[PDB]
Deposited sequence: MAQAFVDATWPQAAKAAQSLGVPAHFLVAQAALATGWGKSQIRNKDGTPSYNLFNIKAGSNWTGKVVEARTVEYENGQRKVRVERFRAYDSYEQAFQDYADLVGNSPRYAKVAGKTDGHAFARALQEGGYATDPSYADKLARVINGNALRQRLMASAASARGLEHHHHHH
């Protein structure tokens, strides 16, 4: 999981700073969405989609599209990107500009941030806020963030 954390960190920091939330909030969200990078959506050619937030491709999406199986088993259409950099740019646009996500900005508490994501419709599972806050506040994330840092 460490390389996942290291790779996402600078992009998460860039996006989180624009949203006025702590960088680790976004890292935690991506970690929960992908099982710390173990379960990420892949293109048919074997390349990554880099869609670490598992964002669906709807009618307003004109970029690359990847199909992936969801659990009956269904085929869902997801966004695909050229890098984590581009993925986080799209995330920052979506969460930063969409009015339903307006409660996200400025949040400095893990659970409050998660509740704001839920309000916006990121995920509808009733346990989402509790699950995400646990990652945000957890020892696993803290240890990996400390390991990631250049200094102590």
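*Asks:* Numbering from 1, run down the deposited sequence and write out every stretch that has no C-alpha in the structure.
*Replies:* Holes in the chain trace, numbered from 1: 1, 73-79, 161-170.
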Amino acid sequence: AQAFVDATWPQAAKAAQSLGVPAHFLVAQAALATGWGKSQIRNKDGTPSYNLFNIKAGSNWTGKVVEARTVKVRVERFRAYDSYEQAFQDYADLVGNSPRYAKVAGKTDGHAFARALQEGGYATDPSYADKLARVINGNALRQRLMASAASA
From here on, numbers count along this sequence of modelled residues.
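*Asks:* Looking only at CA atoms, which has the higher mean B factor in the entry: 108-116 or 34-42?
*Replies:* Comparing 108-116 with 34-42, the higher average CA B-factor belongs to 34-42.
*Asks:* Mean CA temperature factor from the deposited coordinates, higher in 122-130 or in 89-97?
*Replies:* That would be 122-130.
*Asks:* Just the C-alpha B-factor column, please: which of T47, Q29, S59, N54 has the biggest number?
*Replies:* By C-alpha B-factor in the record, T47 ranks first.
*Asks:* Per the entry's values, where does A12 land by CA temperature factor relative to the rest of its chain, in the lowest, middle or highest third?
*Replies:* It falls in the bottom third of the chain.
*Asks:* Once the chain's modelled residues are ordered by C-alpha B factor and cut into thirds, is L19 in the lowest, middle or highest one?
*Replies:* As the PDB entry reports it, the C-alpha B-factor of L19 lands in the highest third of its chain.
*Asks:* By the record's CA B-factor, is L145 among the lowest, middle or highest third of residues in the chain?
*Replies:* As the PDB entry reports it, the C-alpha B-factor of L145 lands in the middle third of its chain.
*Asks:* Sorting by Cα B-factor within the chain, modelled residues only, which third would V5 end up in: lowest, middle or highest?
*Replies:* It belongs to the lowest third of the chain when residues are ordered by C-alpha B-factor.
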